[PDB]
Protein chains: 2
Amino acid sequence: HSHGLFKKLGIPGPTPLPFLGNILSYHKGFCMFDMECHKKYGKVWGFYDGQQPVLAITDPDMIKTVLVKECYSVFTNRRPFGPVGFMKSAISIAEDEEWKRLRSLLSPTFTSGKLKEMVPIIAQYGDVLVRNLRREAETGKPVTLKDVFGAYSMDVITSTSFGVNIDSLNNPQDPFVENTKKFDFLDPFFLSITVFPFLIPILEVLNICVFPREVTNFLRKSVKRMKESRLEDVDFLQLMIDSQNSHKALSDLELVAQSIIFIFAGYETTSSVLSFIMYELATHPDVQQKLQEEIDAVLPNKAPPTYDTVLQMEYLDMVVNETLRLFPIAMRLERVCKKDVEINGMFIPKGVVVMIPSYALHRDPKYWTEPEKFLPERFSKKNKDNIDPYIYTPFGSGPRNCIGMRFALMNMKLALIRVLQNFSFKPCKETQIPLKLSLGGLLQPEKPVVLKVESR
Amino acid sequence: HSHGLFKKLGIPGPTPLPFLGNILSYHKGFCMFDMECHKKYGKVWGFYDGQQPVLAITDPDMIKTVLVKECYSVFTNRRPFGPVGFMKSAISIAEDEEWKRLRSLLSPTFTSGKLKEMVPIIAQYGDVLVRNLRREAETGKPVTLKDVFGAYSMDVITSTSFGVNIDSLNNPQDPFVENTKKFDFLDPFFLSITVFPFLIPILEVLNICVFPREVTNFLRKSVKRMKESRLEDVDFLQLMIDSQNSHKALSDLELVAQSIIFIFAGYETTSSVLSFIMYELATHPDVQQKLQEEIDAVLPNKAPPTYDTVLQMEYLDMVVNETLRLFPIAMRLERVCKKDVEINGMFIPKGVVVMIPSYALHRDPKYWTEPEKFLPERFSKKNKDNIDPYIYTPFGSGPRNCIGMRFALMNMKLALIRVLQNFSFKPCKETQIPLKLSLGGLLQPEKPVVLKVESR
Ligand code: HEM
Ligand code: HEM
Ligand SMILES: CC(C)(C)OC(=O)N[C@H](CSC[C@@H](Nc1ccccc1)C(=O)NCc1cccnc1)Cc1c[nH]c2ccccc12
Ligand SMILES: CC(C)(C)OC(=O)N[C@H](CSC[C@@H](Nc1ccccc1)C(=O)NCc1cccnc1)Cc1c[nH]c2ccccc12
């Protein structure tokens, strides 16, 4: 029906089947399709997620236009997603003037000023991590990183965001811990979404929420207790409540929505990435040692890390940066074109979803040498300059980039510094080498990362 | 020529003489003209500063529209002022997109976060004040407040904004001190401006600057030394340099311009107001004692004040608030209407300067009882609620309000707490009672405030 679009424009792509579009091509997962598409077709191509035209662009002047130059005018929202229900107000979801309000009202949550105030707390759980890690290191049992990293990152969220302090590895079943741990695209549901996006309004009317209709009701209330327990008697909720004291302040259920996408991401990104990094440290043993040295020449005597010294560790930075090059958990960035528009000499008509294929661009040999080896020296202050910030985009770019970037980078670095101060990480046999990525829809490993840990 | 405007609109006012407009009416100073005009004419009137129509509005729904609701759309800039030269870029001066850039790029200079970081410094000079005050208190010589307060506030600026630490009362002639101390409306010049505003372009072409063409050249350079002396080896300049590291960063001479209007205001407002307050404490002896008690029940043993406890002193707040009611150093707020527009049912045509007569409204019996007595209980948490924030406007309102409000309130409170911890202030004979305001163009006293100081 609407499949003629790129045939007209003179824009190339894979021919789309009726109804499906090009979705059968995701049997290899988004990343492989993107990569293949980049090389078969070059710098611009089109496909159809159902009847939804998606235009993939790989020019960094053009990417800059979409992510930064013309964000407010044309390319302000991401792809409609559903059913959400009361999570329509979550910032990552919200659109246009509702977004801009929330982004403003939630921006100073992550300033150098407030990020630095959170450092002492994100400390006390790095220590909890060591002790939970040493019990697995004096008992030579290979360690599922995501698990031990998960509970750590989880401990950081509840703390950085509500107060609630839990040894979540130890209290894996505390009511605040169950809820919070709780399929995403490429699975039985969202493929149907993309083929039956007309069926989304069906469920919105049904209180059916992708976020299960129960985890929400736990934290909706648990907040308005906390709300009514410190009021009256440092974290994200606190920082959000003071802000509803221009625009229109912050409504009550809008607060619970932003908390949820804060609890995710702080959990699943931070812990997912720390395992990609630790897998990389194990499989490239020289880098781990180089880092363990710098960690120690800044913080001698296994010294506890601080704000200013974490930004002082450069090899630490380069390692994180390079792990994210190889695993940009986002994979793609996306904005809905809201007007007939022409950027850098190309007509983009209304409603086209515009897509930047991060994962593919991070592995493009046209910009990276040996792009699949793990080469942390790419990010040296010698070579960091020669890197197009519109090709390397692990946090997006522009006014709709990741709001948690600074906190995310600091969360993970405070982990590694503590964790590399006391242990070293060797591979095991059941350790997956080389790591295989999930054929699914998420930048996650086929098999969880298991490594051997050793006390120093 | 253009004097028919309010005669048409059906808007009332004093009939304007040719060329002059209504300026001869300023022989009683703006405030008295505003007050008289409010009572002769009511809620809306017009006059002509030369050929410049000025519409004075006293309705707080309408004031809110002009200062907050429609700031960005219609009422975004203040009255053209000149000649300025390179001070065209100073934020208080700049217009529209240049302003909004600078206001954004200079906003997080004054956050709770950064304001709190400045508290320890604004301390060490409160102490310098005591010792400079005790030399005048063990030597019973009546004290010119503006002088001792001036050097204090001056000490705070150079410190809060560059580093340079001077005992300016002691070093009254240090090169950084002379410059920085350096007629404003109602004097031989600006009256000619308002009658010959066509002659402003004349001087702009002449490097003639109201800011003398020399003080600027001192600080322009003194900065690019400091710029090139900490780079590389907490204050306003530092906070401004890190910010040029969306929009278009911060250009180099734009930095010097914002520094100048920072050095003023931090000097002349802070010290001007502290003398209005201390004059008031002397002439109303009961309030001074009430305050000296609360200052001591928060900070016992002449304890040094801190951030959180300054916001804890409520009678301190009420006193400042009420002094500003009686002396709003601004007197008037103003915005240039940039479109034919209709707010709250009144046509305002392009180019009309829109004026809110703060001083008059703070003394309006229609909103204030005994509005001229000094009654600090007006601002009690019992009665503070019954106060239209669009009548009481010592810092303006809305997106173009005073950016230094929080710092100003905290600067002055840290002064009074220290100064009232060690001294009490009695009037003298040559002390002007009742204070007379300058017939001139500035909210300043006819005669400087002299009081008797006594050690405790
Ligand atoms: C390694 C950690 C993380 C990575 C790689 C990451 C990556 C991203 C990316 C690529 C985007 C979209 C950028 C764009 O569209 O241009 C994004 C958005 C976002 N991220 Fe993160 N993120 C991380 C962690 C976090 C954390 C800890 C938070 C904390 C709450 C957070 C909050 C958000 C939000 C709210 C958005 C939506 C931005 C918006 O739509 O306004 N992220 N993230
Ligand atoms: C008792 C102290 C002060 C009072 C009563 C005061 C009052 C005001 C008022 C009424 C305005 C205009 C508001 C409006 O147009 O709606 C203003 C503007 C401004 N004030 Fe203050 N002010 C004070 C101190 C300061 C201080 C210490 C600074 C520090 C640098 C400062 C910086 C500014 C700036 C930059 C503007 C221009 C705002 C703009 O045009 O964007 N002020 N002040
Ligand atoms: C942004 C549109 C409207 C197109 O659809 C999405 O909302 N997005 C998708 C689906 S639900 C996003 C939500 N997830 C979440 C999942 C379970 C429980 C609670 C929340 C979210 O905001 N998590 C924050 C986050 C995650 C990763 C990195 N940083 C921040 C997922 C998504 C993939 N990458 C993103 C980048 C930004 C925003 C969303 C996503
Ligand atoms: C705002 C327009 C463009 C209409 O003309 C002015 O720029 N304004 C007038 C004249 S020069 C403003 C400048 N003074 C200054 C004087 C000598 C040396 C350096 C700077 C300024 O910005 N000082 C900051 C300030 C002063 C008082 C309270 N807070 C902040 C003066 C003026 C009276 N009340 C204001 C309120 C806001 C901005 C300016 C003024």
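Both backbone and side-chain heavy atoms feed into the values below; hydrogens, waters and symmetry mates do not. In what follows, every chain begins at residue 1, and chains take the letters A, B, ... in the order their sequences are listed.
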**Message:** Quick check against the 3.5 Å criterion: does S243(A) have a side-chain atom that pairs as donor or acceptor with the backbone of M240(A)?
**Reply:** yes

**Request:** Kindly give the heavy-atom pair with the smallest separation between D340(B) and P349(B), and that separation in Å.
**Result:** OD1-CA, 3.3 Å

**Item:** Inter-residue atom distance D364(B).CG - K39(B).NZ, 0.5 Å rounding
**Value:** 11.5 Å

**Request:** Report the distance from atom CD of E334(B) to atom CE of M331(B), rounding to the nearest 0.5 Å.
**Result:** 10.5 Å

**Fill in**
Residues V68(B) and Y390(B): closest non-hydrogen pair is CG2-OH, 3.6 Å

**Prompt:** Under 4.5 Å between any side-chain heavy atoms of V44(B) and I11(B), yes or no?
**Reply:** yes

**Request:** Would you mind listing every ring pair (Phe, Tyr, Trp, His ring centres under 6.0 Å) that reaches into residues 330-373 of chain B, with sequence neighbours excluded?
**Result:** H362(B)-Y392(B)

**Exam field: side chain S104(A) to backbone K100(A), donor-acceptor pair closer than 3.5 Å** = no

**Request:** Please confirm whether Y152(B) and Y267(B) have ring centers closer than 6.0 angstrom.
**Result:** no

**Request:** Output yes when a side-chain donor or acceptor of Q258(A) lies under 3.5 Å from a complementary backbone atom of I91(A), and no otherwise.
**Result:** yes

**Message:** According to salt bridge (charged side-chain N to carboxylate O under 4.0 Å, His left out), who are the partners of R101(A), at least two apart in sequence or on a separate chain?
**Reply:** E254(A)

**Prompt:** When rounded to the nearest 0.5 angstrom, what distance separates NZ in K69(B) from OG in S246(A)?
**Reply:** 14.0 Å

**Asked** Any side-chain heavy atom of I57(B) within less than 4.5 Å of one from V66(B)?
**Response** yes

**Asked** So, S272(B) and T269(B): side-chain donor and acceptor under 3.5 Å apart, yes or no?
**Response** no

**Message:** Under a 3.5 Å cutoff, is there a donor and acceptor pairing between the side chains of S73(A) and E70(A)?
**Reply:** yes

**Prompt:** Ignoring hydrogens and geometry, is there a side-chain-to-backbone donor-acceptor pair from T270(B) to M412(B) under 3.5 Å?
**Reply:** no

**Item:** Check: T393(B) main-chain N/O paired with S397(B) side-chain donor or acceptor under 3.5 Å
**Value:** no

**Prompt:** When rounded to the nearest 0.5 angstrom, what is the spacing between CZ in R79(B) and CZ in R335(B)?
**Reply:** 12.5 Å

**Polar side-chain atom of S259(B) near backbone of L255(B) as donor-acceptor pair, under 3.5 Å** = yes

**Side-chain donor/acceptor of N22(B) to backbone N/O of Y48(B), under 3.5 Å** = yes

**Message:** Is the ring pair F47(B)/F33(B) parallel, tilted or perpendicular, if the boundaries are 30 and 60 degrees?
**Reply:** perpendicular

**Exercise: identify the closest heavy-atom pair between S358(B) and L333(B)** = OG-CG, 3.6 Å

**Prompt:** Any side-chain heavy atom of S380(B) within less than 4.5 Å of one from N383(B)?
**Reply:** yes

**Asked** Around atom CD of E314(B), are there more than 12 heavy atoms of other residues, nucleotides or ligands at under 6.0 Å?
**Response** no

**Asked** Hey, are the side chains of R400(B) and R78(B) touching, using non-hydrogen atoms and a 4.5 Å cut-off?
**Response** yes

**Item:** Minimum side-chain heavy-atom gap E370(B)-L375(B) below 4.5 Å
**Value:** yes

**Prompt:** Where do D34(B) and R363(B) land on the salt bridge (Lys or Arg N to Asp or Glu O under 4.0 Å) test, with the steps shown first?
**Reply:** CA-CA 11 Å; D34(B) 276 0; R363(B) 301 170 169 259; over 6 Å; no

**Request:** May I ask you to check whether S2(B) and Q51(B) show a side-chain donor-acceptor distance below 3.5 Å?
**Result:** yes

**Asked** So, for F162(B) and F236(B), is the gap between ring centers shorter than 6.0 Å?
**Response** no

**Message:** Using the ring centroid of each side chain, check whether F276(B) and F149(B) are separated by less than 6.0 Å.
**Reply:** no

**Message:** Show, in sequence, the C-alpha distance, side-chain angles and deciding distance for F110(B) and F262(B), and conclude whether the ring pair (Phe, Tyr, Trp, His ring centres under 6.0 Å) test is met.
**Reply:** CA-CA 12 Å; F110(B) 312 91; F262(B) 281 5; 5.6 Å; yes

**Request:** Compare all side-chain heavy atoms of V353(B) with those of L55(B) and state whether any distance is below 4.5 angstrom.
**Result:** no

**Asked** Between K114(A) and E117(A), is there a salt bridge with N-O shorter than 4.0 Å?
**Response** no

**Exam field: side chain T109(A) to backbone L106(A), donor-acceptor pair closer than 3.5 Å** = yes

**Message:** Counting C-beta onward and ignoring hydrogens, is there a side-chain heavy-atom pair between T180(B) and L219(B) closer than 4.5 Å?
**Reply:** yes

**Prompt:** Judged by atom type as modelled, is there a donor-acceptor pair below 3.5 Å linking the side chain of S161(B) to the main-chain atoms of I157(B)?
**Reply:** no

**Prompt:** Between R378(B) and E322(B), is there a side-chain N and carboxylate O pair less than 4.0 Å apart?
**Reply:** yes

**Asked** In Å, rounded to the nearest 0.5 Å, how long is the span from CZ of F379(B) to OG1 of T323(B)?
**Response** 9.0 Å

**Message:** To the nearest 0.5 Å, what is the distance between SG on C402(B) and CG on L409(B)?
**Reply:** 8.5 Å

**Request:** Search all heavy atoms of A94(A) against all heavy atoms of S89(A) and return the closest pair with its distance.
**Result:** CB-O, 4.0 Å

**Asked** Is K338(B) salt-bridged to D96(B), cutoff N-O under 4.0 Å?
**Response** yes

**side-chain hydrogen bond (donor to acceptor under 3.5 Å, both in side chains) partners of residues 55-65 of chain B, not counting sequence neighbours, each pair once** = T65(B)-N344(B)

**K413(B) side chain near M313(B) side chain, heavy-atom distance below 4.5 Å** = no

**Message:** Quick one: does any side-chain atom of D49(B) pair with a main-chain N or O of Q52(B) as donor and acceptor, under 3.5 Å?
**Reply:** no

**Prompt:** Can we call the ring centroids of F86(B) and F211(B) under 6.0 Å apart?
**Reply:** no

